[PDB]
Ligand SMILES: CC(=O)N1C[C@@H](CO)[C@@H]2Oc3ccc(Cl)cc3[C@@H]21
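Given next, in structure tokens, is a single chain: the form deposited without the ligand.
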């Protein structure tokens, strides 16, 4: 039972211990390509690399490398792509990936202060479209809705080679510090639901692309919480979902997901608050009490 597990961990002050176990039990796979000399400038951090088996391969003969991982969650029936904040020289690759994987949405979690650990890869003005000559792509801002702690942008991505166009919804949560946690579980859940509402996470489209700076801490929290909510919703017994086990599964696709014990605790916190109404196997009368 997730909730009782939470209270027991809190009561015994075990968060650090649990997180330590998760790290010790986490999957370890080769990252040969990411460590290739020709890819030194395609990585934002020397200590954050995508496993060779789950890395996203760009469809180009030049150099198919990008620091991005495909996280496929079979039981949840949702896939996500986690990547680092694009670099000045990798903005074209970022969009090529978006195009090639048929993604409809991008989730950004960099904190707007100051300067972001992410290059400016999207247009600031509708009238100033962006052209990535290296990958033959054009990107135009169609509309932008700035709100209190997040901003939603509508973008038109055009493959200049085929003249085909796609609408990309870009969601940027602006009040989440690196290595930290959201202002509150509720604002985080409000953001998660806005993204779900857009249809960007639908099975009909390619995997949603999620990033921040490294693409493991905040990016991992976002995906873990979403997956646990999915599993709890399609399971006869919500309480049977084991977050620790879900995180370890996810870590099979990308290293270091969830960077701190606090982020681990927050994930539990948000999942529990977001699962408050999932009935499960209870009856109308029981769910009333």
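Residue numbers count along the first chain shown, from 1.
Between residue 113 and residue 114, how many deposited residues lack coordinates (none, 1 to 3, 4 to 9, 10 or more)?
In the record, 1 to 3 residues between residue 113 and residue 114 lack coordinates.
Between 278-286 and 3-11, which has the higher average C-alpha B-factor in the PDB entry?
Averaged over C-alpha atoms, the B-factors run higher in 278-286.
In the PDB record, does 87-95 or 201-209 carry the higher mean Cα temperature factor?
So the stretch with the higher mean C-alpha B-factor is 201-209.
Would you mind checking which of 152, 73, 168, 108 has the top Cα temperature factor in the PDB entry?
Each of 152, 73, 168, 108 was compared by C-alpha B-factor; the highest is 73.
If I read the C-alpha B-factors straight from the PDB entry, which of 263, 240, 227, 43 is highest?
Among 263, 240, 227, 43, the PDB entry lists the largest C-alpha B-factor for 240.
Hey, what third does residue 37 fall into on Cα B-factor, ranked over its chain?
CA B-factor rank for residue 37: highest third.
In terms of the chain's CA B-factor thirds, is residue 77 lowest, middle or highest?
For residue 77, whose C-alpha B-factor we compare with every modelled residue in the chain, the answer is the highest third.
What third of its chain, lowest, middle or highest, does the C-alpha temperature factor of residue 178 fall into?
Lowest third - that is where residue 178 ends up once the chain's C-alpha B-factors are sorted.
Going by the recorded CA B-factors, say which third of the chain residue 69 sits in, lowest, middle or highest.
Lowest third - that is where residue 69 ends up once the chain's C-alpha B-factors are sorted.
State the tercile, meaning the lowest, middle or highest third, of residue 55 with respect to the CA B-factors recorded for its chain.
It belongs to the middle third of the chain when residues are ordered by C-alpha B-factor.
Just so it is clear, the following notes concern the form deposited with the ligand bound, a form of the same protein that is not shown.
Only counting heavy atoms and a 4.5 Å limit, does any residue of 189-204 reach the ligand in the entry with it bound, and if so which ones?
Contacting residues: 189, 190, 193, 197, 198.
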